[PDB]
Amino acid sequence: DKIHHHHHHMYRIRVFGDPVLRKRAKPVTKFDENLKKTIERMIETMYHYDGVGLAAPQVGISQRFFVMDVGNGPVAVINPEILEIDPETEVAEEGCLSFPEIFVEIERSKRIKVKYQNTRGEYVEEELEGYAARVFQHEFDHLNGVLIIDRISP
């Protein structure tokens, strides 16, 4: 291609094939200004690519955090844990900024109980369902090196 737009400040999104997407992310331990700035860049990047979720590995950082926006504004999730998963599930089509133009159908629990920290290290615990629950699981999967293609529904 003969013309290009160089982006700065926001992150470059890693594409399937980059092994950082398969490496199990490590937990965040430092809750400082840098983590905050990173979260801001994560949100900038997510919105810029029109995504609803973006996990650290997708920007080359194998740490356990991601951001997401399921319609209520951006939520920063650090060191998440999925405490409970409803046995009831639902299948829907899911894409991924790291897989340009690939969409597959994936079964996800309808409701989950999660626990995570905010940028100040404080814990938050909450119940999520429907779309919110789906996006959370999808982004959570990234932290364990799991991608949508590992979950195609039969």
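Start at 1 and count along the sequence shown; that's the residue number.
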TODO: Between 123-131 and 57-65, name whichever shows the higher mean Cα B factor according to the PDB entry.
DONE: 123-131
TODO: Name the higher of the two by mean Cα B-factor in the PDB entry, 40-48 versus 85-93.
DONE: 85-93
Task: Chain third (lowest, middle, highest) by recorded CA B-factor, residue given as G71 - done: highest
TODO: Classify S98 as lowest, middle or highest third according to the C-alpha B-factor given in the PDB entry, relative to its own chain.
DONE: middle
TODO: Could you tell me which third, lowest, middle or highest, the C-alpha B-factor of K113 occupies within its chain?
DONE: middle
TODO: Divide the modelled residues of the chain into thirds by Cα B-factor and specify which third, lowest, middle or highest, holds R14.
DONE: middle
Open item on the list: For the chain shown, is the CA B-factor of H138 in the lowest, middle or highest third of its modelled residues?
Closed with: lowest
